[PDB]
A.B. asks: 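One structure is given below, represented as structure tokens, and several questions about it will come after.
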Number of protein chains: 2
Amino acid sequence: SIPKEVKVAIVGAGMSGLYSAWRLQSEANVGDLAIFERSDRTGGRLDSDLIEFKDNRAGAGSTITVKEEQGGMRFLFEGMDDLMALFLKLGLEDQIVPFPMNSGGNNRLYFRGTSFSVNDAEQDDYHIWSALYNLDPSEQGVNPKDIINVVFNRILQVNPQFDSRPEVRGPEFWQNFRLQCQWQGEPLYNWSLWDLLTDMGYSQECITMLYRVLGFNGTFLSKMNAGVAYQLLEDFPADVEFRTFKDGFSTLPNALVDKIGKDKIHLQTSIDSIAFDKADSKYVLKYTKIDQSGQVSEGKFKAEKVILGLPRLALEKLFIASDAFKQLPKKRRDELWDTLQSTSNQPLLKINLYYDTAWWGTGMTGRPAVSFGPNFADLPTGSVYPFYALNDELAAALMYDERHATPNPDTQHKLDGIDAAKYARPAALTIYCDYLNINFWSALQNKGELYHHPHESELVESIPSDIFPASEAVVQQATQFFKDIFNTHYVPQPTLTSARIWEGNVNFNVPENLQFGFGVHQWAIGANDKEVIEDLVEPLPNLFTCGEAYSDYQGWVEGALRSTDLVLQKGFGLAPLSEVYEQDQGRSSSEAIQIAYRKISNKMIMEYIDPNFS
Amino acid sequence: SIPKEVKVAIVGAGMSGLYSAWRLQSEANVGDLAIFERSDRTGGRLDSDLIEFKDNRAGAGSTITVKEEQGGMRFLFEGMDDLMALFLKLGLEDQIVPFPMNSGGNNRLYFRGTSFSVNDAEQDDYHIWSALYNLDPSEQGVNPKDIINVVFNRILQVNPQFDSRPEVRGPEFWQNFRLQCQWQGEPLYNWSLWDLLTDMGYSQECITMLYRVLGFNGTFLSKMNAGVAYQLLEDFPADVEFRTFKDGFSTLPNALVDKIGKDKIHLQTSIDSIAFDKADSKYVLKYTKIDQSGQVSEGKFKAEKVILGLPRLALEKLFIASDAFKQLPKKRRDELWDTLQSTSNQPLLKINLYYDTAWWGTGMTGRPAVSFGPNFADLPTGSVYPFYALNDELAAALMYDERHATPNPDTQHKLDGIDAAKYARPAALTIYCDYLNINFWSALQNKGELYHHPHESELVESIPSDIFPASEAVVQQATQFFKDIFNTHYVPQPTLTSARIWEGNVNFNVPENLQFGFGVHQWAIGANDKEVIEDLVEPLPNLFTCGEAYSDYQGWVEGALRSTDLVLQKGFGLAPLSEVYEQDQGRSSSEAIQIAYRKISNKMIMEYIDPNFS
Ligand SMILES: Cc1cc2nc3c(=O)[nH]c(=O)nc-3n(C[C@H](O)[C@H](O)[C@H](O)COP(=O)(O)OP(=O)(O)OC[C@H]3O[C@@H](n4cnc5c(N)ncnc54)[C@H](O)[C@@H]3O)c2cc1C
Ligand SMILES: Cc1cc2nc3c(=O)[nH]c(=O)nc-3n(C[C@H](O)[C@H](O)[C@H](O)COP(=O)(O)OP(=O)(O)OC[C@H]3O[C@@H](n4cnc5c(N)ncnc54)[C@H](O)[C@@H]3O)c2cc1C
Ligand SMILES: N[C@@H](Cc1ccccc1)C(=O)O
Ligand SMILES: N[C@@H](Cc1ccccc1)C(=O)O
């Protein structure tokens, strides 16, 4: 049942769409709104899976749950003030757990046919990098990641006009960085990182090493500009403490759906075109809907205000098909189109292989155990992340680990036991790659038959609907790269697989359950994003645009929230959520979340790890 | 003056457009046609430059001409039967000269920070490749290019149903190859070459070596399918004898313009949209024109039949904007759009740096002289090709070289002198790269000020209009890669530069003199090009499509000619030019051209090289 008219029509049930609705209902007393989502699910590029494995351990119809992510997976307590405020208002802080990023040096590295560990790579003044890559002398004997850091320090040094003092470097800092810092008299948003490092004197061997060692080679090889590249590369410092949700990032959009009401959310309802009815000064939205039978249906409805919570490709499709846009004067039509081109499309993919037990621990490899964080490679895998069965005791040990406490031998012995026990429960690996590596897997995923473990139904009760199996060809090639990376003959067949290629589609032959947008976006060369962003808040009277793609904090939920807040301010009078939170609470979202989590983790530790913890 | 109506409207003055017009006038008695070209020039992706350098040698207002190419540059006597027939009918055979592809082993190779020669790489059972790349044992001790050849032989071996016997392997053979040969039960057009070699057991190190050593990394890293990849990779065998035109490939389209008449050719006239007038059963073409003042102008005219001699991107623009296409039923509209997606867009670029003298000969390097053919590198240059001042004596020596004659010491001594003399005349290097390397140069080309040698006007009289200078940043980075590749401290500043990035544009901010299509196209994964090709001949009644992009012989003029011939057959009754040539002449275009060139080169040799030659 699609209403004949609403006061606010929201297009897209991703974070931007759900967040708009929630804030409008809760703070602007707007009850007459509706959300229209082309897919059969909410959340967009947040997409968690909770798999209930048959527990077939010896002493066990009992079930073990493995959380995995097909989209976003992690966040930070600082520099994400809207997100934190959002978590606190929805009361989700008690589900926050660690997202560790290292195994104390045991994580794998695979480069130029050679498998080794992070610890190994440090040995002998980082000698291994100078053996694998033909580096200039000034490039030898230093940790590759530290080259990125040093170059960052150099950019700041030669831009003394640019105030580099704030301790928390959020979207503002990063915008001024790319728009006002220069190199050789050209501001960074006119640079590519590839050109920049080359101009600075780096060898192409060194540059290849960097874009392979860092995982996201798009920062170097795509059309994104060097300033925004650096915002992403300086997001994963050595000392990072990322967190996530026990049940996955989808906890967040599922919570918003609850507050919104499923009755206002129209799934399998794609907005095809938008026109303006000059008589009653209202927009007219043409849609297509698929009921639960397959019964297709076309229709139309009106809205006083329209909120397009949509990325670049989706906006371009609407723009091309929409009289509201076509009726515009030539000059402004073309200017608006050119503005949509100012953010690069960044493909990403995640392929998840689940296993009845984990095989990368010392028991199965005979080598130092791999636990958490990226296993990087110049293979097409890009980055490989382990996930483990949900386990409260394990999460507590990880919480203890987030402190830089010195356990006594009793506590170290218990932590040892907990670290080893996770290998005996179901687990998963995520292959997580970008740009240059996409095409290897997409051709593999669409060829031949799909993978299913025999007796799959005996292994997992219900397989979530958003799971499309990896192709048999994907599993076989992934299995061989895993043997390379983890330096082991032993990599068994997965119990369950999923493949998700976040690469926008323009082909009408693709089912709706397989149409996905680009993974993230990043400002292109020459893009003055300060102008672009304000231009896209409300490009036509009462029609708004918002989301990650043209945001301040690309690649992250926080960017979607901040871009949406701009729409909520200009079109509805609402101040930014983080400022509203601080007005209502007397303190920042950031301080609040840290105090609340500290308390939760304090008691988690005392209860599971060390009864006498500080 | 744009006619109110024509019987045939031809859109695009590239090879397909000019060739359509010429054959229609000459063979179908169609005089009432006109060509409409959006740019200020004919020829499209064929674009030669003839630069007249001030001759500032000691004993010399005399001029020296350097031919260069910004687009296509070479052809073959076999497997290009339409092109050869076309050359013969236009009487252009006497301007055909060699296009040599090697320097007897002295061409440069630069990989993983190491500069060496083709001869060097052969040494010690191809040891250098096993030192630079961490190869499997089965991958060691073999010439990299021979891995591609061997794998080709393996594909044929396991497809005995596929008749692999014809000596001249033209478009038909290559189509059946990619559509009917399989690997592991999947036909090649469902494969990517990257996936294919990986599945066959090759190391990623070996695969990286191959796509770097072979120049065109798009065959591996793009979305083109493995079958068409192989058509391109098996086009440059060791023993190739390419030819070209003394004054450049544009000799061909300039000759067609002459036969057509400039009066039927409408430059700076872009067709924006197409509609069908059901009353008088005629198409209505909306255009925009820019006179010689900058005076813009919009208008409309009708045509009985429309020939779109246009590549993928240009066709998609028209399709989106055209009522003739929009009025189509949903199902067929989407099917036609999806069909346009079946050929991948392959960016290419050429950056030409001209020098008053050549600096890569032994006199200037102290190393074995570099003469002709690609200098490959894993640097962003991709491939570097030398060009020399036009010189009849040099062309004769090259003609002698095409024979595998054994000169006596008198003839060898003269050839030695001729080889060395070309270094003392103006010359040029072309940087010629694809896919992965494009983004490095485009960001560099659009940053900062453009390069001009001081006193440029004293060095070259008139600079052709199609020359856009390379950026200063492009020249500085090219200069350093040249020192790397040619292993020399000495690389002077160029007298003149051009940059051409064959990468399609969707941004209204780009001048028309800087809008260029994608370099070439190649069938995508899953594309049944036999179905696609016939579907695109005449997608609407009396509206036709033709050109390289959706052709049988992608990457080459011959593909444009063959795709156009299909339009000439279906819509106008003309048989293929090569069959028409053979009917009129009693022998094939291929035999004719070889005999005529043999005669021309025979007399060229006797006159310049060896008075007593066989
Ligand atoms: C692989 C990956 C990992 C990530 N990891 C993280 C992470 O760890 N941390 C983090 O903070 N961020 C992460 N992100 C980013 C984060 O997921 C996104 O920034 C955010 O979820 C996107 O929200 P959005 O509302 O802007 O767009 P989307 O999530 O893309 O929502 C747009 C919605 O609109 C719908 N739609 C499109 N067109 C139409 C139409 N015509 N009619 C109706 N509906 C339509 C789409 O189906 C979709 O649901 C990740 C992203 C990717 C790709
Ligand atoms: C770098 C490079 C090197 C190459 N080297 C070789 C080689 O050595 N040998 C070889 O055989 N082939 C070579 N090729 C391929 C060869 O140049 C092409 O296959 C052929 O010239 C293309 O002809 P076409 O008519 O299909 O298209 P195009 O040459 O692209 O012609 C299309 C024309 O239509 C015009 N146009 C577009 N849209 C409109 C519109 N709306 N209204 C009006 N006009 C419009 C364009 O300006 C253009 O002039 C090379 C190609 C590239 C990119
Ligand atoms: N939040 C993203 C960050 C990202 C942005 C852009 C590209 C890739 C990654 C992540 O965790 O992976
Ligand atoms: N004729 C092209 C062949 C080619 C096709 C496709 C891509 C690249 C090159 C050339 O000489 O370069």
Side-chain angles (χ1 to χ4, degrees), chain A residues 13-15 18 39 41-53 64-76 80 83 87 92 95-101 215-216 235-236 240 242-257 346-355 358 371-375 381-391 394-395 398 422 425-434 438 441 445 460 463-470 474 478 494-503 516-520 548 555-560:
Chain A
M15 277 309 306
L18 301 168
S39 76
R41 54 171 290 273
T42 64
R45 284 172 273 157
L46 297 183
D47 187 358
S48 318
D49 279 301
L50 303 171
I51 314 287
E52 302 212 18
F53 280 57
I64 309 170
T65 299
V66 174
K67 178 271 302 289
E68 251 287 8
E69 303 280 19
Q70 297 196 63
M73 66 195 318
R74 59 193 158 193
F75 46 77
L76 294 161
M80 307 189 169
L83 187 62
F87 289 172
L92 302 172
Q95 307 184 56
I96 295 180
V97 298
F99 187 95
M101 281 292 288
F216 304 101
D235 222 306
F236 306 99
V240 278
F242 289 95
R243 277 83 189 205
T244 191
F245 286 123
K246 179 184 187 173
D247 287 341
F249 224 141
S250 276
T251 299
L252 169 62
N254 291 344
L256 288 170
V257 170
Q346 296 291 327
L348 301 175
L349 70 78
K350 291 191 165 189
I351 291 154
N352 296 335
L353 291 67
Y354 302 70
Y355 303 86
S371 278
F372 292 96
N375 303 273
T381 49
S383 74
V384 177
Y385 281 83
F387 281 74
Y388 302 93
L390 292 183
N391 184 270
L394 173 59
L398 298 175
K422 73 185 175 281
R425 302 176 210 114
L429 300 183
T430 295
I431 294 161
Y432 180 24
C433 80
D434 80 329
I438 299 297
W441 295 104
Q445 169 63 15
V460 47
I463 297 182
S465 296
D466 64 12
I467 273 171
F468 195 95
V474 162
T495 59
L496 188 75
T497 68
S498 67
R500 172 69 52 78
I501 305 191
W502 297 103
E503 178 162 44
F516 296 103
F518 281 99
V520 293
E548 176 265 337
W556 301 86
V557 181
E558 180 75 7

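Values below: all heavy atoms of this structure, side chains included; hydrogens, waters and symmetry mates excluded. Numbered from 1 within each chain, the chains take letters A, B, ... in sequence-line order.
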A.B. asks: Do A:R425 and A:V66 touch side chain to side chain, with heavy atoms closer than 4.5 Å?
C.D. replies: no
A.B. asks: Taking C-beta and beyond as the side chain, do A:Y385 and A:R74 meet within less than 4.5 Å on heavy atoms?
C.D. replies: yes
A.B. asks: Just do the side-chain hydrogen bond (donor to acceptor under 3.5 Å, both in side chains) check on A:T251 and A:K246 with the steps written out, would you?
C.D. replies: CA-CA 9 Å; A:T251 299; A:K246 179 184 187 173; over 6 Å; no
A.B. asks: Can you confirm whether A:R41 sits close enough to A:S465 that some side-chain heavy atom of one is under 4.5 Å from a side-chain heavy atom of the other?
C.D. replies: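 Not touching, per the 4.5 Å side-chain cut-off.
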A.B. asks: Which is it for A:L83 and A:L252 under the side-chain contact (heavy atoms from CB on, under 4.5 Å) test, yes or no, and what are the steps along the way?
C.D. replies: CA-CA 10 Å; A:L83 187 62; A:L252 169 62; 3.9 Å; yes
A.B. asks: What is the distance from atom CZ of A:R45 to atom CZ of A:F249, rounded to the nearest 0.5 Å?
C.D. replies: 12.5 Å
A.B. asks: Say you draw a straight line from CZ of A:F245 to CG of A:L46; how long is it, rounded to the nearest 0.5 Å?
C.D. replies: 10.0 Å
A.B. asks: Can you tell me how far apart CG (A:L76) and CZ (A:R243) are? Round to the nearest 0.5 Å.
C.D. replies: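 It comes to 8.5 Å.
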A.B. asks: Could you check if a side-chain atom of A:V460 sits within less than 4.5 angstrom of a side-chain atom of A:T495, using non-hydrogen atoms only?
C.D. replies: no
A.B. asks: What are the two closest heavy atoms between A:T244 and A:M73, and how far apart are they?
C.D. replies: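 Where A:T244 meets A:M73 most closely, the heavy atoms are OG1-O, 2.6 Å.
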A.B. asks: On a heavy-atom basis, which atom in A:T381 and which in A:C433 lie closest, and how many Å separate them?
C.D. replies: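 Shortest heavy-atom separation between A:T381 and A:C433 comes out as O-CB, 3.5 Å.
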A.B. asks: Has the side chain of A:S383 got a donor or acceptor atom that lies under 3.5 Å from a matching backbone atom of A:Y432?
C.D. replies: yes
A.B. asks: Compare every heavy atom of A:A389 with every heavy atom of A:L394, then report the nearest pair and how far apart it is.
C.D. replies: CD2-O, 4.4 Å
A.B. asks: Answer yes or no: is there a donor N or O on one side and an acceptor on the other, between the side chain of A:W441 and the main chain of A:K350, under 3.5 Å?
C.D. replies: no
A.B. asks: What's the verdict on side-chain contact (heavy atoms from CB on, under 4.5 Å) for A:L496 and A:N352, showing C-alpha distance, side-chain angles and the deciding distance?
C.D. replies: CA-CA 8 Å; A:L496 188 75; A:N352 296 335; over 6 Å; no
A.B. asks: Determine, using ring centers only, whether A:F99 and A:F75 are less than 6.0 Å apart.
C.D. replies: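 For A:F75 and A:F99, the ring centres are not under 6.0 Å apart.
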A.B. asks: Is the shortest side-chain heavy-atom distance between A:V474 and A:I431 below 4.5 Å?
C.D. replies: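 No; the side chains remain at least 4.5 Å from each other.
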A.B. asks: Mark yes or no for whether A:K422, through its side chain, and A:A358, through its backbone, hold a donor-acceptor pair below 3.5 Å.
C.D. replies: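 Absent.
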A.B. asks: At their closest point, which heavy atom of A:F236 faces which heavy atom of A:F216, and how far apart are they?
C.D. replies: CE1-CE1, 3.6 Å
A.B. asks: Can A:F387 and A:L429 be said to form a side-chain contact (heavy atoms from CB on, under 4.5 Å), step by step?
C.D. replies: CA-CA 6 Å; A:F387 281 74; A:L429 300 183; over 6 Å; no
A.B. asks: Return yes if a side-chain donor-acceptor contact under 3.5 Å exists between A:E68 and A:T430, otherwise no.
C.D. replies: yes
A.B. asks: For A:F242 and A:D235, which heavy atoms make the closest approach, and how far apart are they?
C.D. replies: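 What the structure gives for the nearest pair is CZ-O, 3.6 Å.
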A.B. asks: Could you state the interatomic distance from CD1 (A:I64) to CZ (A:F53), rounded to the nearest 0.5 Å?
C.D. replies: 9.0 Å
A.B. asks: Is a side-chain donor-acceptor pair under 3.5 Å present for A:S48 with A:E69?
C.D. replies: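 Yes, side-chain donor-acceptor contact under 3.5 Å.
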A.B. asks: Would you say A:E548's side chain and A:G555's backbone share a donor-acceptor pair under 3.5 angstrom?
C.D. replies: yes
A.B. asks: How far does CD1 of A:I351 sit from CD1 of A:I501, to the nearest 0.5 angstrom?
C.D. replies: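 A:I351 CD1 to A:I501 CD1: 6.0 Å, rounded to 0.5 Å.
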A.B. asks: Looking only at the side chains, is there a donor atom on one of A:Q346 and A:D434 sitting less than 3.5 Å from an acceptor on the other?
C.D. replies: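 Judged by distance alone, the side chains do not pair up.
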A.B. asks: Could you report the tightest heavy-atom contact between A:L50 and A:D247, atom names first, then the distance?
C.D. replies: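 Nearest heavy atoms, A:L50 then A:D247: CD2-O, 3.5 Å.
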A.B. asks: For side-chain contact (heavy atoms from CB on, under 4.5 Å), just list the numbers for A:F372 and A:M101, CA-CA rounded to whole Å, side-chain angles, deciding distance to a tenth of an Å, and then say yes or no.
C.D. replies: CA-CA 6 Å; A:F372 292 96; A:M101 281 292 288; over 6 Å; no
A.B. asks: In Å and rounded to the nearest 0.5 Å, what is the CG to CG distance from A:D49 to A:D466?
C.D. replies: 4.0 Å
